[PDB]
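Asker: Before anything else, here's the structure in question.
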Amino acid sequence: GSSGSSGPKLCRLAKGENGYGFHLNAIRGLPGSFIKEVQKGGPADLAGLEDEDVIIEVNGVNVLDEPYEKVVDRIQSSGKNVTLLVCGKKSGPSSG
């Protein structure tokens with residue numbers, strides 16, 4: 001019948017203090033960057049970002065192959081607000 005399911009999530013960050021609470025970490029082996037050191041209550045968390053989320057794009061652009069210096073610069077230049085497409089890990093195995 002009708003096809004078309006949802007995948008990733010669209011979150012809009014808002015620069016508040018000392019920049020974005022969350023940070024980036026270059027992982028040797030996988031492309032793009034990853035979210036790490038995301039404080040609870042900041043712009044990232046509020047938007048729904050975790051320390052396992054990855055940055056697929058930024059401002060309507062696939063920055064997967066792009067290095068960590070390129071992706072970061074894009075988020076830094078953006079200014080206060082910046083968009084990022086996250087898709088992948090969500091949370092580890094939990095009981096309750």
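Residues in the structure tokens are named by chain (A, B, ... in the order shown) and by number from 1 within that chain; ligands are numbered from 1 in the order shown.
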Could you list, as JSON, numbers by chain, every residue within 10 Å of residue 70 (chain A), counting only C-alpha atoms and ignoring same-chain residues fewer than 6 positions away?

Answerer: {"A": [32, 63, 76]}

Asker: Can you write just those residues out, C-alpha atoms, as a compact mmCIF listing (two decimals), in the first residue's frame?

Answerer:
# COMPACT_ATOMS: atom_id res chain seq x y z
CA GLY A 32 32.13 11.93 10.36
CA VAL A 63 29.47 16.01 6.05
CA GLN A 76 31.37 26.93 14.61

Asker: Taking only C-alpha atoms into account, which of A:7, A:1, A:67, A:19 comes nearest residue 31 (chain A)?

Answerer: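 Distance minimum relative to residue 31 (chain A) lands on A:67.
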
Asker: Using only C-alpha atoms, which protein or nucleic acid residues come within 12 Å of residue 25 (chain A)? Drop anything in the same chain fewer than 5 positions from it, and give the result as a VMD selection string.

Answerer: chain A and resid 30 to 38 51 to 55 67 to 69 71 to 72

Asker: Would you mind exporting the chosen residues as a PDB file, in the first residue's frame, restricted to N, CA and C atoms?

Answerer:
ATOM      1  N   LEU A  30      35.720   5.270  11.903  1.00  0.00           N
ATOM      2  CA  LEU A  30      34.429   5.649  11.338  1.00  0.00           C
ATOM      3  C   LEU A  30      34.452   7.093  10.848  1.00  0.00           C
ATOM      4  N   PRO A  31      33.747   7.353   9.736  1.00  0.00           N
ATOM      5  CA  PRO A  31      33.668   8.691   9.144  1.00  0.00           C
ATOM      6  C   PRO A  31      32.859   9.658  10.001  1.00  0.00           C
ATOM      7  N   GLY A  32      32.863  10.931   9.615  1.00  0.00           N
ATOM      8  CA  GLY A  32      32.125  11.935  10.359  1.00  0.00           C
ATOM      9  C   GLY A  32      32.591  12.048  11.798  1.00  0.00           C
ATOM     10  N   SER A  33      31.855  12.814  12.596  1.00  0.00           N
ATOM     11  CA  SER A  33      32.201  13.009  14.000  1.00  0.00           C
ATOM     12  C   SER A  33      31.150  12.380  14.911  1.00  0.00           C
ATOM     13  N   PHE A  34      31.309  12.583  16.214  1.00  0.00           N
ATOM     14  CA  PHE A  34      30.375  12.036  17.192  1.00  0.00           C
ATOM     15  C   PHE A  34      30.188  12.998  18.362  1.00  0.00           C
ATOM     16  N   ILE A  35      29.010  12.952  18.976  1.00  0.00           N
ATOM     17  CA  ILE A  35      28.704  13.817  20.107  1.00  0.00           C
ATOM     18  C   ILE A  35      29.218  13.218  21.412  1.00  0.00           C
ATOM     19  N   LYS A  36      29.971  14.013  22.165  1.00  0.00           N
ATOM     20  CA  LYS A  36      30.523  13.564  23.438  1.00  0.00           C
ATOM     21  C   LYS A  36      30.585  14.713  24.439  1.00  0.00           C
ATOM     22  N   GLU A  37      30.446  14.385  25.720  1.00  0.00           N
ATOM     23  CA  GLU A  37      30.488  15.391  26.775  1.00  0.00           C
ATOM     24  C   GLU A  37      29.258  16.293  26.714  1.00  0.00           C
ATOM     25  N   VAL A  38      28.096  15.686  26.499  1.00  0.00           N
ATOM     26  CA  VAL A  38      26.846  16.434  26.420  1.00  0.00           C
ATOM     27  C   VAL A  38      26.189  16.553  27.790  1.00  0.00           C
ATOM     28  N   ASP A  51      25.520  11.211  23.978  1.00  0.00           N
ATOM     29  CA  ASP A  51      26.967  11.109  23.825  1.00  0.00           C
ATOM     30  C   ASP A  51      27.332  10.008  22.835  1.00  0.00           C
ATOM     31  N   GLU A  52      26.321   9.458  22.169  1.00  0.00           N
ATOM     32  CA  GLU A  52      26.536   8.395  21.195  1.00  0.00           C
ATOM     33  C   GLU A  52      26.027   8.808  19.817  1.00  0.00           C
ATOM     34  N   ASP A  53      25.339   9.943  19.762  1.00  0.00           N
ATOM     35  CA  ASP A  53      24.798  10.450  18.507  1.00  0.00           C
ATOM     36  C   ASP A  53      25.920  10.871  17.562  1.00  0.00           C
ATOM     37  N   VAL A  54      25.683  10.714  16.264  1.00  0.00           N
ATOM     38  CA  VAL A  54      26.673  11.077  15.257  1.00  0.00           C
ATOM     39  C   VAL A  54      26.157  12.194  14.356  1.00  0.00           C
ATOM     40  N   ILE A  55      27.080  12.952  13.774  1.00  0.00           N
ATOM     41  CA  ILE A  55      26.718  14.051  12.889  1.00  0.00           C
ATOM     42  C   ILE A  55      26.794  13.627  11.426  1.00  0.00           C
ATOM     43  N   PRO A  67      36.173  15.646   7.089  1.00  0.00           N
ATOM     44  CA  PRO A  67      36.968  15.417   8.300  1.00  0.00           C
ATOM     45  C   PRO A  67      36.349  16.070   9.532  1.00  0.00           C
ATOM     46  N   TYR A  68      37.079  16.040  10.641  1.00  0.00           N
ATOM     47  CA  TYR A  68      36.600  16.627  11.887  1.00  0.00           C
ATOM     48  C   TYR A  68      36.818  18.136  11.897  1.00  0.00           C
ATOM     49  N   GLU A  69      37.818  18.588  11.144  1.00  0.00           N
ATOM     50  CA  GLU A  69      38.131  20.011  11.066  1.00  0.00           C
ATOM     51  C   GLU A  69      37.119  20.744  10.191  1.00  0.00           C
ATOM     52  N   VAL A  71      33.812  19.566   9.464  1.00  0.00           N
ATOM     53  CA  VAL A  71      32.510  19.492  10.117  1.00  0.00           C
ATOM     54  C   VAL A  71      32.411  20.494  11.261  1.00  0.00           C
ATOM     55  N   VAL A  72      33.448  20.540  12.090  1.00  0.00           N
ATOM     56  CA  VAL A  72      33.480  21.456  13.225  1.00  0.00           C
ATOM     57  C   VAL A  72      33.373  22.905  12.764  1.00  0.00           C
TER      58      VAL A  72
END

Asker: Env of residue 9 (chain A): 10 Å cut, atoms = only C-alpha atoms, seq-sep filter 6 positions within chain, self excluded. Answer as number ranges by chain.

Answerer: A: 48-49, 84-87

Asker: Pick from A:94, A:29, A:42, A:88: nearest to residue 16 (chain A), with only C-alpha atoms counted?

Answerer: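 When distances to residue 16 (chain A) are compared using only C-alpha atoms, the smallest one comes from A:42.
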
Asker: Could you jot down the CA of residue 65 (chain A) to CA of residue 26 (chain A) separation for me, Å, one decimal place?

Answerer: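 According to the coordinates, CA of residue 65 (chain A) and CA of residue 26 (chain A) are separated by 12.5 Å.
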
Asker: Tell me which of A:62, A:95, A:18, A:3 sits closest to residue 80 (chain A), counting only C-alpha atoms.

Answerer: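 Using only C-alpha atoms, residue 80 (chain A) sits closest to A:18.
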
Asker: What parts of region 25-76 of chain A does DSSP call strand (DSSP E)? I'd like the answer as a list in words.

Answerer: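 Those residues are residues 33, 34, 35, 36, 54, 55, 57 and 58 of chain A.
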